[PDB]
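Read through the structure below, which is laid out as structure tokens, and then see the notes.
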Amino acid sequence: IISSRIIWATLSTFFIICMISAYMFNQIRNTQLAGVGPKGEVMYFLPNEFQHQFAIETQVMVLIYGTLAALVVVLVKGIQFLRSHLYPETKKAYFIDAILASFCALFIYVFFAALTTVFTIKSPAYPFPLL
Amino acid sequence: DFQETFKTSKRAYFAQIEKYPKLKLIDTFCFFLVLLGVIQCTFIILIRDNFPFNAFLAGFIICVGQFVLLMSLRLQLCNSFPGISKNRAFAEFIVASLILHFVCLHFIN
Amino acid sequence: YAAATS
Amino acid sequence: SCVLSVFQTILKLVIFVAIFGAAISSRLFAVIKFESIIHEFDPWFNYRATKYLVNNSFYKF
Amino acid sequence: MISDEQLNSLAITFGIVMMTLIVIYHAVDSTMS
Amino acid sequence: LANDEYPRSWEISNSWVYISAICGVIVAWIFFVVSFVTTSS
Amino acid sequence: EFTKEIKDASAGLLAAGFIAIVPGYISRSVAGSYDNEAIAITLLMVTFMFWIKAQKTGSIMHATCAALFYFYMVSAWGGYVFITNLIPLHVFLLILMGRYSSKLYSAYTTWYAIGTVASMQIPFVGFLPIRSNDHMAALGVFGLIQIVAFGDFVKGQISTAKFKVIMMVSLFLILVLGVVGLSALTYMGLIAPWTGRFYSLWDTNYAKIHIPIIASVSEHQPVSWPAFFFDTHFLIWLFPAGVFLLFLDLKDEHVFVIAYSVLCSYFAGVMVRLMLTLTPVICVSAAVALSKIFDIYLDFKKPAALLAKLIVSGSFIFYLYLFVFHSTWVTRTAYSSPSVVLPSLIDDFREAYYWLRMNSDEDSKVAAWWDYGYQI
Amino acid sequence: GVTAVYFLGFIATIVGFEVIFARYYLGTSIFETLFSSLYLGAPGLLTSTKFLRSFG
Ligand SMILES: CC(=O)N[C@H]1[C@H](O[C@H]2[C@H](O)[C@@H](NC(C)=O)[C@@H](OP(=O)(O)OP(=O)(O)OCC[C@H](C)CC/C=C(/C)CC/C=C(/C)CCC=C(C)C)O[C@@H]2CO)O[C@H](CO)[C@@H](O[C@@H]2O[C@H](CO[C@H]3O[C@H](CO)[C@@H](O)[C@H](O[C@H]4O[C@H](CO)[C@@H](O)[C@H](O)[C@@H]4O)[C@@H]3O)[C@@H](O)[C@H](O[C@H]3O[C@H](CO)[C@@H](O)[C@H](O)[C@@H]3O[C@H]3O[C@H](CO)[C@@H](O)[C@H](O)[C@@H]3O[C@H]3O[C@H](CO)[C@@H](O)[C@H](O[C@H]4O[C@H](CO)[C@@H](O)[C@H](O[C@H]5O[C@H](CO)[C@@H](O)[C@H](O)[C@H]5O[C@H]5O[C@H](CO)[C@@H](O)[C@H](O)[C@H]5O)[C@H]4O)[C@@H]3O)[C@@H]2O)[C@@H]1O
Ligand SMILES: CCCCC/C=C\C/C=C\CCCCCCCC(=O)O[C@H](COC(=O)CCCCCCCCCCCCCCC)COP(=O)([O-])OCC[N+](C)(C)C
Ligand SMILES: CCCCC/C=C\C/C=C\CCCCCCCC(=O)O[C@H](COC(=O)CCCCCCCCCCCCCCC)COP(=O)([O-])OCC[N+](C)(C)C
Ligand SMILES: *C(=O)c1ccc(-c2c3ccc(=[N+](C)C)cc-3oc3cc(N(C)C)ccc23)c(C(=O)[O-])c1
Ligand SMILES: [Mn+2]
């Protein structure tokens, strides 16, 4: 049957990310899907504004939050599974696990830095920008 | 089908109530707690009025609450919970009962 | 945010 | 080990003292910078209702 | 009284002390259990 | 009208019925407790 | 304590540290703020602690303690209805996942009886618990939990799998009749309708259409994504994870946390003032996630292993210090401003009010807009 | 035996809280009903726990 923990877990986490990404706001408040810069370059984020947003903003934030949460989950639960699949030879395991976990930490840092940059676009004087 | 499970359960029940005497005291109490509630409801129907609604509720809820507390006791007494013994499960019952009796004597005004 | 008209 | 349990208990007591300090210190910016005054709109009414309790009685409140 | 800047320093000092002590608790608890 | 200025329960007949129920339950609960600690199983 | 009931004491310490300085809670609880939330969100956690202690252990005393603190919340704040609908929901889910026990019967029935009879003593609440839709979920789960318990008595004697769908069909039948009953009663006019703000949480456009005073107050508006960061930095990405990690290992406590998280995330998105109710769960969820990470990377008990553990733990310790700094800056900049005195000082409000207090007749009446009534 | 004394103490707490609640239904104040309860409860909390510990 379909009553599996993984399915319900992924669906609930996705719903939570959608709500924390102001998905509802895009609907009760009708907001222009995106915009256009001086060059016509689609501006994803409406800048220097704190209580207004475009609707591509929700999707970008969903990507960021989902990736960060996934990397945390992978770190806690999926290191060995990844080692089993990507490097099935098993000649060395401790060193491989260490490498994979360090890369996971590095990517968490990169994405959090991206999140902070994207926040500074909304409020242009945020003191702690994590670059 | 049903008419057979009936005798089966009646047998089991009377067996248990005879084996352990205390599991009959609670049962008798619960039965009468039903009657009192029914009597009050019949009164409310016989007169088609519920003027003291505070009073009516304070008199109906003390019965419902006592019933549920007794059943919690009977469940904790037939098969003890992991960290609560038969004694502690009687003292807790007493404390909850006393609190219910106070809030019910405060509701009726 | 407070109980006031916007 | 008994020693490890004693260490953990002392450490938790110190951690909680730090937590209380952090909370109060973060909350006192407005009281340190201007004065001790009730802020916002609703608290004003709440304040009045407490001065009426504290000055008359519980029954008259 | 205590100035605003000193209040800021006290708030941040308490926060850092708290976080370090919690990290030390977690490290000892995980290693020893 | 304040909380204490309404007619008391012992002055309304419907209240007489409900008070009777409350008293019967308190008295039966006391008897129950005495018997539950006395009677051996 | 509440986190110490879901994982360990370490996760509890992390959760307490997070909640102490978290900007989201700080916003409605700065020295000077004297609204109901100040004490209300404390009683909520206490009530939830006792509920979980009562549900997992199965004790009457802890359910009575939960009932008494629920009474305290009913007497303190007007958002007690959240508890009235979250504790039943948890129980309901536990019935559907097949995890009914006797600890559940005992805990829920004792909490419901004492809590409901005690929450009808506040004059404001009156008889709402028995005749209002918002308080009817509890009453459903009160009746339902009594069929299911009879079920168990009559599970053992049938002693075969005939009872499996013999139970399911009965459940569906009752579930249908009740909702219809509510609907019929509501139409007849005996049971009150859903209040005028709770419906607004589902019919988002409803407020402006009918109630024109609810849609003028800034508090009841949706929130843009930046706010879920300005208030719970770092924790906001780490919360959705903790929810998944608690979902991989379902326990009754975890079912509680999951339901709490989902419902409050929706409500917080739909309305700004309901963000505060979401801040505690976020902390708890973050506390679990970080604690799990630490458990796999702090126990120093091998060059590559040591290097990996240090790089991971160090990154997260960096994020913790960044959290402290961000929270303090946010608290100083935005949430610590007084309202009676605009910083320049501009003392016009107090000056005018004092003039009115000193040079006007004691019985005189002032006619201004509602916003400035309490202050006057 | 000696346990009878604790038994009487237990029964006296059990009936005595009810006497308090009746003295409350009939007009006495909440503060008097809150101090009487404390006085009765403390020796009752000792003697009832003792009866229950001995007998069981
Ligand atoms: C906008 C809004 O909102 N508004 C509102 C407001 O609000 C506000 C607030 O308030 C504030 N605050 C402050 C402090 O300031 C603020 O806020 P905030 O910030 O917001 O804060 P909060 O609130 O806290 O927060 C919140 C929180 C949130 C909620 C959270 C949430 C969260 C979450 C998470 C969510 C959760 C949930 C969910 C769901 C989810 C979950 C989950 C799931 C589900 C899954 O701000 C705000 C805003 O801004 O407020 C206010 C108030 O305050 C209000 O108002 C009010 O209201 C009410 C209601 O209304 C309604 O209803 C009505 C009816 O009732 C109607 O009418 C209405 O209508 C209206 O409206 C509409 C619309 O608009 C329209 O259309 C129309 O036209 C109209 O206009 C409505 O519908 C009301 O009621 C009120 O009024 C009242 O009051 C006043 C005063 O002045 C007066 O004047 C009047 O008259 C009235 O009165 C009444 O009542 C009262 C109480 O209440 C009393 O006192 C009086 O006396 C009266 O009463 C009388 O009458 C009645 C009728 O008429 C009756 O019922 C009664 O009776 C009763 O009672 C009595 C006394 O107690 C008794 O006695 C009785 O009993 C007797 O009798 C019976 C019969 O026969 C019998 O049975 C019995 O037995 C008896 O008893 C007796 O006797 C005996 C012997 O014989 C003895 O023993 C005893 O003791 C005695 O008792 C009973 O029955 C009387 O008769 C107002 O208006 C607003 O709205
Ligand atoms: C679980 C436990 C809780 C953990 C901590 C909880 C909360 C603390 C966190 C933050 C508090 C923020 C501090 C703001 C205070 C503003 C006033 C100020 O800073 O006064 C400073 C003075 O300072 C000091 O010399 C500190 C004095 C040293 C005291 C030693 C430790 C305190 C012991 C307290 C408890 C002792 C009882 C023992 C048995 C019970 C300036 O005042 P002034 O110039 O106006 O003096 C007026 C002018 N004369 C000097 C002439 C009067
Ligand atoms: C083991 C045995 C323990 C017994 C159980 C104990 C606790 C159960 C808890 C539930 C209580 C239900 C209702 C209690 C009513 C008390 C008010 C009262 O008393 O006010 C009543 C009526 O006002 C009310 O309706 C007010 C509504 C309730 C307000 C409660 C205050 C809220 C604060 C909550 C927490 C307070 C903590 C303070 C510091 C931590 C008047 O009283 P009166 O002076 O006119 O009394 C005279 C005696 N007549 C009754 C015969 C006239
Ligand atoms: C509620 O409607 C509301 C709460 C806070 C703020 C807010 C400030 C209000 C008053 C201030 N002073 C007079 C000192 C300063 C404020 O700083 C803020 C900074 C932000 N950032 C950094 C995005 C957000 C809100 C405030 C307001 C408001 O005026 O915008 C409103
Ligand atoms: Mn308010």
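In the structure tokens, the first chain shown is A, the next is B, and so on; residue numbers restart at 1 for each chain, and ligands run from 1 in the order shown.
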
*asked:* Neighbouring residues of range 9-15 of chain H were defined as those with any atom within 10 Å, considering only C-alpha atoms; residues of the same chain fewer than 4 positions away were excluded. Please report them as a list in words.
replied: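 Once the nearby chain positions are removed, what remains is residues 94, 95 and 98 of chain B; 26, 27, 30, 33 and 34 of chain F; 3, 4, 5, 19, 20, 37, 40, 41, 42, 43, 44, 45, 46, 47, 48, 49, 50, 51 and 52 of chain H.
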
*Check: which chain D residues lie within 12 Å of chain G using only C-alpha atoms, as a PyMOL selection string*: chain D and resi 8-9+11-50

*Within 12 Å of range 9-23 of chain F, counting only C-alpha atoms, which residues qualify if same-chain residues fewer than 4 places away don't, as a PyMOL selection string?*
(chain B and resi 32-44+46-66+100-109) or (chain F and resi 4-5+27-30) or (chain H and resi 18-19+21-22+25-27)

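Here atom 19 (C, counted along the ligand's line) of ligand 4 stands at a distance of 19.9 Å from CA of residue 7 in chain E.
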
Can you tell me, as an mmCIF file with N, CA and C atoms, in the first residue's frame, what residues are no more than 9 Å from range 90-101 of chain A when counting only C-alpha atoms, ignoring any on the same chain fewer than 6 positions away?
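Result went into part.cif, see below:
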```
data_model
loop_
_atom_site.group_PDB
_atom_site.id
_atom_site.type_symbol
_atom_site.label_atom_id
_atom_site.label_comp_id
_atom_site.auth_asym_id
_atom_site.auth_seq_id
_atom_site.Cartn_x
_atom_site.Cartn_y
_atom_site.Cartn_z
ATOM 1 N N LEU A 75 22.973 14.576 5.611
ATOM 2 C CA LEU A 75 24.074 14.512 6.560
ATOM 3 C C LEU A 75 23.738 13.572 7.707
ATOM 4 N N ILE A 79 24.584 9.470 4.607
ATOM 5 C CA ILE A 79 25.998 9.404 4.250
ATOM 6 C C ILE A 79 26.390 7.984 3.854
ATOM 7 N N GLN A 80 25.991 6.999 4.660
ATOM 8 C CA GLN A 80 26.375 5.617 4.381
ATOM 9 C C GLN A 80 25.706 5.098 3.114
ATOM 10 N N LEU A 82 24.853 6.855 0.506
ATOM 11 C CA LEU A 82 25.585 7.453 -0.604
ATOM 12 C C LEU A 82 26.928 6.768 -0.808
ATOM 13 N N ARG A 83 27.623 6.432 0.281
ATOM 14 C CA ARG A 83 28.892 5.723 0.147
ATOM 15 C C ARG A 83 28.690 4.350 -0.479
ATOM 16 N N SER A 84 27.606 3.668 -0.106
ATOM 17 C CA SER A 84 27.297 2.364 -0.683
ATOM 18 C C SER A 84 27.037 2.466 -2.179
ATOM 19 N N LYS G 302 42.762 8.846 13.882
ATOM 20 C CA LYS G 302 41.878 8.733 12.728
ATOM 21 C C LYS G 302 41.756 10.104 12.082
ATOM 22 N N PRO G 303 42.733 10.458 11.246
ATOM 23 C CA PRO G 303 42.794 11.842 10.746
ATOM 24 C C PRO G 303 41.549 12.289 10.003
ATOM 25 N N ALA G 304 41.043 11.472 9.081
ATOM 26 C CA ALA G 304 39.908 11.900 8.275
ATOM 27 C C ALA G 304 38.658 12.069 9.126
ATOM 28 N N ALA G 305 38.419 11.146 10.057
ATOM 29 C CA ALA G 305 37.222 11.236 10.884
ATOM 30 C C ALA G 305 37.266 12.481 11.754
ATOM 31 N N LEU G 306 38.412 12.737 12.386
ATOM 32 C CA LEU G 306 38.530 13.909 13.241
ATOM 33 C C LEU G 306 38.360 15.181 12.430
ATOM 34 N N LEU G 307 38.961 15.223 11.242
ATOM 35 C CA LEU G 307 38.865 16.418 10.419
ATOM 36 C C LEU G 307 37.421 16.680 10.027
ATOM 37 N N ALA G 308 36.701 15.634 9.619
ATOM 38 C CA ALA G 308 35.317 15.813 9.199
ATOM 39 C C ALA G 308 34.460 16.285 10.361
ATOM 40 N N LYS G 309 34.627 15.656 11.528
ATOM 41 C CA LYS G 309 33.813 16.040 12.673
ATOM 42 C C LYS G 309 34.062 17.493 13.031
ATOM 43 N N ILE G 311 35.175 19.974 11.054
ATOM 44 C CA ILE G 311 34.669 20.915 10.057
ATOM 45 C C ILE G 311 33.155 21.061 10.152
ATOM 46 N N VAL G 312 32.444 19.962 10.400
ATOM 47 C CA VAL G 312 30.988 20.055 10.464
ATOM 48 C C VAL G 312 30.562 20.780 11.734
#
```

Write out as a compact mmCIF listing (two decimals) with N, CA, C and O atoms, in the first residue's frame each polymer residue whose atoms come within 9 Å of residue 19 in chain E, counting only C-alpha atoms; drop sequence neighbours fewer than 4 positions from it.
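File around_13.txt, as written:
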```txt
# COMPACT_ATOMS: atom_id res chain seq x y z
N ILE D 15 24.23 26.80 33.00
CA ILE D 15 23.65 27.11 31.71
C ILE D 15 22.35 27.86 31.89
O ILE D 15 22.05 28.82 31.16
N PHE E 14 26.34 37.47 27.31
CA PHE E 14 25.52 36.41 27.87
C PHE E 14 25.17 35.38 26.80
O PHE E 14 25.22 34.17 27.05
N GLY E 15 24.83 35.85 25.60
CA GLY E 15 24.48 34.91 24.54
C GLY E 15 25.63 34.00 24.14
O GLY E 15 25.45 32.79 23.99
N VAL E 23 27.17 23.96 23.87
CA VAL E 23 27.98 23.12 22.99
C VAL E 23 28.86 22.17 23.81
O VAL E 23 29.01 21.00 23.46
N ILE E 24 29.44 22.67 24.90
CA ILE E 24 30.28 21.81 25.73
C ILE E 24 29.45 20.70 26.35
O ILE E 24 29.89 19.54 26.44
N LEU G 14 19.38 22.99 24.03
CA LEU G 14 19.44 23.77 22.79
C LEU G 14 18.14 24.52 22.55
O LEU G 14 18.15 25.70 22.18
N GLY G 17 17.88 27.53 24.88
CA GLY G 17 18.75 28.59 24.41
C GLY G 17 18.18 29.31 23.20
O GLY G 17 18.26 30.54 23.11
N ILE G 317 28.67 25.60 14.87
CA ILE G 317 28.93 26.52 15.98
C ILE G 317 29.05 27.95 15.46
O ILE G 317 28.62 28.91 16.12
N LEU G 320 25.66 29.21 15.14
CA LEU G 320 25.07 29.55 16.43
C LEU G 320 25.51 30.94 16.90
O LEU G 320 24.69 31.74 17.38
N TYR G 321 26.80 31.25 16.77
CA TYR G 321 27.25 32.58 17.15
C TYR G 321 26.62 33.65 16.26
O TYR G 321 26.24 34.73 16.73
N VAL G 324 23.24 34.40 17.61
CA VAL G 324 23.23 35.32 18.75
C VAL G 324 23.36 36.76 18.27
O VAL G 324 22.60 37.65 18.69
```

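If you look at atom 119 (O, counted along the ligand's line) of ligand 1 and CA of residue 71 in chain G, they are 19.5 Å away from each other.
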
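Using only C-alpha atoms, we find that the part of chain H lying within 12 Å of chain D comprises residues 29, 30 and 31 of chain H.
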
*All residues having an atom within 6 Å of ligand 1 (only C-alpha atoms and all ligand atoms) as a PyMOL selection string*: (chain B and resi 51-54+109) or (chain C and resi 3) or (chain D and resi 42) or (chain F and resi 6-7) or (chain G and resi 77-79+81-82+85-86+123-124+134+198+214)

*Please provide as a PyMOL selection string all residues within 12 Å of range 154-171 of chain G, with the sequence filter that same-chain residues fewer than 3 positions apart are discarded (counting only C-alpha atoms).*
(chain B and resi 1-13) or (chain G and resi 92+95-96+98+143-151+174-178)

*Suppose you want the space between CA of residue 10 in chain A and CA of residue 247 in chain G; what is it in Å?*
9.0 Å

For chain G, list the residues within 7 Å of chain B, counting only C-alpha atoms, and write the list as a short mmCIF file (atom, residue, chain, number, x, y, z; two decimals) with N, CA, C and O atoms, in the first residue's frame.
```
data_model
loop_
_atom_site.label_atom_id
_atom_site.label_comp_id
_atom_site.auth_asym_id
_atom_site.auth_seq_id
_atom_site.Cartn_x
_atom_site.Cartn_y
_atom_site.Cartn_z
N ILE G 60 -2.97 9.86 35.51
CA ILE G 60 -4.08 10.77 35.79
C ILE G 60 -3.58 12.07 36.38
O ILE G 60 -4.16 13.14 36.12
N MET G 61 -2.52 12.03 37.18
CA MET G 61 -2.04 13.25 37.82
C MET G 61 -1.51 14.24 36.80
O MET G 61 -1.79 15.44 36.90
N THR G 64 -4.37 15.81 34.99
CA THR G 64 -4.98 16.84 35.82
C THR G 64 -4.14 18.11 35.85
O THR G 64 -4.68 19.22 35.83
N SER G 102 -4.51 2.20 26.37
CA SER G 102 -5.32 2.63 27.50
C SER G 102 -4.79 3.90 28.12
O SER G 102 -5.56 4.68 28.69
N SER G 106 -7.17 7.11 29.23
CA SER G 106 -7.05 7.73 30.55
C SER G 106 -6.67 9.20 30.43
O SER G 106 -7.36 10.08 30.97
N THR G 109 -9.45 11.46 28.49
CA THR G 109 -10.72 11.66 29.17
C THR G 109 -10.54 12.50 30.42
O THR G 109 -11.38 13.36 30.71
N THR G 110 -9.41 12.35 31.12
CA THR G 110 -9.26 13.13 32.34
C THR G 110 -8.98 14.59 32.01
O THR G 110 -9.58 15.50 32.61
N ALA G 113 -12.44 16.15 30.72
CA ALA G 113 -13.45 16.39 31.74
C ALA G 113 -13.06 17.56 32.62
O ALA G 113 -13.81 18.55 32.72
N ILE G 114 -11.87 17.51 33.22
CA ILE G 114 -11.52 18.58 34.15
C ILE G 114 -11.36 19.90 33.42
O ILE G 114 -11.86 20.94 33.87
N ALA G 118 -13.77 23.20 33.96
CA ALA G 118 -13.09 24.32 34.58
C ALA G 118 -13.01 25.55 33.68
O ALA G 118 -12.94 26.67 34.19
N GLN G 121 -15.92 28.40 33.72
CA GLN G 121 -16.06 29.20 34.92
C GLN G 121 -15.60 30.63 34.70
O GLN G 121 -15.91 31.50 35.51
N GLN G 157 -12.72 -10.68 22.53
CA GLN G 157 -13.62 -11.83 22.61
C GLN G 157 -13.98 -12.38 21.24
O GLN G 157 -14.06 -13.61 21.08
N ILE G 158 -14.24 -11.52 20.26
CA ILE G 158 -14.44 -12.00 18.89
C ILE G 158 -13.24 -12.84 18.46
O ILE G 158 -13.38 -13.86 17.76
#
```

Within 9 Å of chain G, which residues of chain A come that close, and what is the closest atom pair and distance in Å for each? Count only C-alpha atoms and give it as a tab-separated table.
```
residue	atom	partner	partner_atom	distance
A:5	CA	G:248	CA	6.4
A:6	CA	G:248	CA	7.1
A:8	CA	G:247	CA	8.3
A:9	CA	G:247	CA	5.7
A:10	CA	G:244	CA	7.2
A:12	CA	G:262	CA	7.2
A:13	CA	G:240	CA	5.8
A:14	CA	G:240	CA	8.3
A:15	CA	G:262	CA	7.6
A:16	CA	G:262	CA	6.1
A:17	CA	G:240	CA	6.6
A:19	CA	G:266	CA	5.8
A:20	CA	G:269	CA	6.5
A:21	CA	G:225	CA	5.1
A:22	CA	G:225	CA	4.9
A:23	CA	G:269	CA	7.8
A:24	CA	G:270	CA	6.2
A:25	CA	G:222	CA	5.6
A:26	CA	G:224	CA	8.5
A:28	CA	G:204	CA	6.5
A:29	CA	G:222	CA	8.1
A:50	CA	G:226	CA	6.6
A:51	CA	G:224	CA	5.6
A:52	CA	G:224	CA	6.4
A:53	CA	G:224	CA	6.7
A:57	CA	G:225	CA	8.3
A:58	CA	G:225	CA	7.4
A:61	CA	G:225	CA	8.0
A:64	CA	G:237	CA	8.6
A:65	CA	G:237	CA	5.6
A:66	CA	G:237	CA	8.1
A:68	CA	G:237	CA	6.4
A:69	CA	G:241	CA	4.8
A:70	CA	G:241	CA	7.1
A:71	CA	G:241	CA	8.9
A:72	CA	G:241	CA	6.6
A:73	CA	G:241	CA	6.3
A:75	CA	G:293	CA	7.5
A:76	CA	G:293	CA	5.8
A:77	CA	G:245	CA	8.7
A:94	CA	G:305	CA	6.7
A:95	CA	G:304	CA	5.5
A:96	CA	G:304	CA	8.6
A:97	CA	G:305	CA	8.1
A:98	CA	G:308	CA	5.1
A:99	CA	G:308	CA	7.2
A:100	CA	G:308	CA	8.8
A:101	CA	G:308	CA	6.5
A:102	CA	G:308	CA	5.6
A:104	CA	G:312	CA	8.6
A:105	CA	G:312	CA	5.7
A:106	CA	G:312	CA	8.6
A:109	CA	G:315	CA	7.7
A:112	CA	G:234	CA	8.3
A:119	CA	G:226	CA	6.8
A:122	CA	G:226	CA	7.4
A:123	CA	G:226	CA	8.7
A:127	CA	G:326	CA	8.4
A:128	CA	G:326	CA	7.1
```

*asked:* Tell me as an NGL selection string which residues belonging to chain D come within 12 Å of chain F, counting only C-alpha atoms.
replied: :D and (59-61)

Compile a residue-level contact table for chain C against ligand 5 at a cut-off of 12 Å, reporting for every qualifying residue the shortest atom pair and its distance in Å to one decimal, with only C-alpha atoms and all ligand atoms counted, rows ordered by chain and ascending number, as a tab-separated table.
```
residue	atom	partner	partner_atom_place_in_ligand_line	distance
C:1	CA	ligand 5	1 (Mn)	10.1
C:2	CA	ligand 5	1 (Mn)	7.4
C:3	CA	ligand 5	1 (Mn)	6.6
C:4	CA	ligand 5	1 (Mn)	10.5
```

_Residue hits in chain E, query chain D, radius 9 Å, only C-alpha atoms, as a ChimeraX atom specification_ = /E:1-4,7-8,10-15,17-19,21-22,25,28-29,32

Residue subset to file, keeping C-alpha atoms, as a short mmCIF file (atom, residue, chain, number, x, y, z; two decimals), in the first residue's frame:
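Ended up saving to result.cif:
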```
data_model
loop_
_atom_site.label_atom_id
_atom_site.label_comp_id
_atom_site.auth_asym_id
_atom_site.auth_seq_id
_atom_site.Cartn_x
_atom_site.Cartn_y
_atom_site.Cartn_z
CA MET E 1 22.89 53.76 35.03
CA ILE E 2 24.30 51.34 32.47
CA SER E 3 24.62 52.88 29.02
CA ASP E 4 23.09 51.48 25.84
CA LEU E 7 23.77 46.86 27.60
CA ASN E 8 24.48 45.62 24.08
CA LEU E 10 26.18 42.46 28.17
CA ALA E 11 23.48 40.93 25.97
CA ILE E 12 25.96 39.58 23.45
CA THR E 13 28.31 38.34 26.18
CA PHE E 14 25.52 36.41 27.87
CA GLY E 15 24.48 34.91 24.54
CA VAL E 17 28.57 32.28 27.06
CA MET E 18 25.27 30.42 26.86
CA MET E 19 25.96 28.94 23.43
CA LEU E 21 28.29 26.12 27.50
CA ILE E 22 25.51 24.31 25.62
CA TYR E 25 27.35 20.00 27.32
CA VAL E 28 30.55 15.72 26.78
CA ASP E 29 27.14 14.05 26.69
CA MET E 32 30.47 9.84 27.32
#
```

_Residues of chain B in alpha helix (DSSP H), written as number ranges by chain_ = B: 2-19, 22-47, 53-78, 88-107
